[PDB]
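Given next, in structure tokens, is a single chain: the form deposited in one PDB entry.
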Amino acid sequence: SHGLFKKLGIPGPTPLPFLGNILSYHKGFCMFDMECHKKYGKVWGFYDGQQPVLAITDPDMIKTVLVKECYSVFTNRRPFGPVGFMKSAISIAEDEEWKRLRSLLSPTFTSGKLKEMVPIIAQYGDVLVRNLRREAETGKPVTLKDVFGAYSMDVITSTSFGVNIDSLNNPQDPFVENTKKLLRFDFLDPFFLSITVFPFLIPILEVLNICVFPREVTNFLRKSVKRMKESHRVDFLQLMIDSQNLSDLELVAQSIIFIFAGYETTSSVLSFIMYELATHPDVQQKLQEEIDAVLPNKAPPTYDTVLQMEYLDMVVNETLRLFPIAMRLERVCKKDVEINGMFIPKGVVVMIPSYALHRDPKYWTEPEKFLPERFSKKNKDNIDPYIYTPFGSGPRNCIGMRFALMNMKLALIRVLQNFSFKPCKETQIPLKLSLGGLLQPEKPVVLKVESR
């Protein structure tokens, strides 16, 4: 099974028996994809254990996998487990079950539903400032993924359930404590190492009631939703019930995906943005000059005022270029196809290296440098939407893209209106990415906060 790409004439690193090419992950998925992109070119193949993975970098071929042949061939992602009841999660569901859940949860993030969240999100933006004002009036360096994480959890628990959990913190809020340990794919752990190298034990662990998400975390989330479901305004929890009037299980599964996504992805990218704004004070000042122009006298940010800020979107877009927290896009080829003049066998996992494409010198000038001017309307036209895919593409893209982009901008504004950010020497410069599994910094992002 390790002679598939040798047969197809597709280059790639020589796989070791059983392991495949997983030993090359010692520097992370990023550095492995960047090296393979330069070593073999537009298309290469490798093996995660006994599983062949074909990597494509052609925009037309990426457009075919993500959009053109999504419903017919490239519908599902790589099988993930053991998940237990989480198999019904929208990000894990396959084929028919995903198509029903995608249409059920699509009206959650419309332009109207999002516009209803702006007055609600505006509350915790002040709690975010008041919590930062305490750590700013006393010169105390600030870890950001904590103060950004507490704000993100308050938004997702209210925009989707209408409940207030962290009521001004409450820094040991149980949701944030449990959600931060819902899952950390560490390749050092021999669990996830075996899960990939040896994939036939997943049915063993499924009947063994084993779950990658710790039982103490799922329970706390499983019983909180049953606590949140007691008897409106029409949000994520409401859409599921009015159509349930689904099950008590699949309803909990989708809530866990929304709670994690709204917390981890929002807080991590916000920490990546503030690091770039601190290391580039010229960009931070120019961004502060635009916020004061659209919103004078520290005016509260509204739905339309956020979409007007051109430079705020450029800072968000450039940071998502350097740090695509998804790293990769994966689709499982469900049947034999010949896309763009290339045969792809059934079962092959088609992977799009987003991190490698976002830093390809053949597309970006000085790819390692933070330059928000890449996304200006003077130059945003010179960017392929299939090379820069921070939220994916096609029918199975990021469903909370418009919500995540709005909320992050609502937090950036209401912060940069009151504070400027400076490094602290105890701040890691340059920022090392996590050489482990997920895209995070090695040392947590710390920065000095000064009040304006």
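Take the two forms, find the largest set of C-alpha atoms that superpose within 1.5 Å, and that set is the rigid core. From 1 onward, residues are counted along the sequence shown.
Asks: Go through the other compared entries with residues on either side of residue 183 and state whether a third or more give it no coordinates.
Replies: Yes; at least one third of the other entries leave residue 183 out.
Asks: Does the comparison with other entries of this protein show residue 233 left unmodelled in at least a third of them?
Replies: Residue 233: unmodelled in a third or more of the comparison entries.
Asks: Is there a break between residue 245 and residue 246, and how many deposited residues does it span: none, 1 to 3, 4 to 9, or 10 or more?
Replies: In the deposited sequence, 4 to 9 residues between these two have no coordinates.
Asks: Look at the stretch from residue 231 to residue 232 and count the residues of the deposited sequence that the entry does not model, then pick none, 1 to 3, 4 to 9, or 10 or more.
Replies: The entry has 4 to 9 unmodelled residues between residue 231 and residue 232.
Asks: With reference to the PDB entry, specify whether the mean Cα temperature factor is higher for 16-24 or for 428-436.
Replies: So the stretch with the higher mean C-alpha B-factor is 428-436.
Asks: Which is higher on average in the deposited entry, the C-alpha temperature factors of 268-276 or of 128-136?
Replies: Result: 128-136.
Asks: Quick one: which of 88, 158, 317, 172 shows the highest Cα temperature factor in the PDB entry?
Replies: If I rank 88, 158, 317, 172 by C-alpha B-factor, first place goes to 172.
Asks: Among 310, 330, 292, 94, which residue carries the highest C-alpha B-factor recorded in the PDB entry?
Replies: Of the candidates given, the C-alpha B-factor peaks at 292.
Asks: Per the entry's values, where does residue 417 land by CA temperature factor relative to the rest of its chain, in the lowest, middle or highest third?
Replies: Residue 417: CA B-factor falls in the middle third of its chain.
Asks: Compare the C-alpha B factor of residue 63 with those of the other modelled residues in its chain, then answer lowest, middle or highest third.
Replies: Tercile = lowest for this residue's CA B-factor.
Asks: Check where residue 403 lands among this chain's C-alpha B-factors and tell me if it's the lowest, middle or highest third.
Replies: Lowest third of the chain for residue 403's C-alpha B-factor.
Asks: Grab the CA temperature factor for residue 40 from the record and place it in the lowest, middle or highest third of its chain.
Replies: Tercile = highest for this residue's CA B-factor.
Asks: Where does residue 115 sit by CA temperature factor within its chain: lowest, middle or highest third?
Replies: Ranked within chain, residue 115 CA B lands in the middle tercile.
Note that the form deposited in another entry isn't included here; everything after this is about it.
Asks: Fix the rigid core, compare C-alpha positions between this form and the one not shown, and report which of 360, 95, 177, 330 shifts by 2 Å or more.
Replies: After core superposition, the single residue displaced by 2 Å or more is 177.
Asks: Determine whether the C-alpha of residue 288 shifts by 2 Å or more between this form and the one not shown once the rigid core is superposed.
Replies: No, residue 288 moves less than 2 Å.
Asks: For residue 217, is the C-alpha shift between this form and the one not shown 2 Å or more after core superposition?
Replies: Comparing the forms between this form and the one not shown, which are aligned on their rigid core, residue 217 does shift its C-alpha by 2 Å or more.
Asks: Compare the position of the CA of residue 226 between this form and the one not shown after a rigid core fit and state whether the shift reaches 2 Å.
Replies: Where the cores coincide, residue 226 still shows a C-alpha shift between this form and the one not shown that is 2 Å or more.
Asks: Versus the form shown, are the CA atoms of residue 168 and residue 445 closer or farther apart in that other deposited form, given a shift of 3 angstroms or more?
Replies: Result: closer.
Asks: If the CA atoms of residue 168 and residue 443 move by 3 Å or more in that other deposited form, do they move toward each other or away, so closer or farther than here?
Replies: Closer together, by at least 3 Å.
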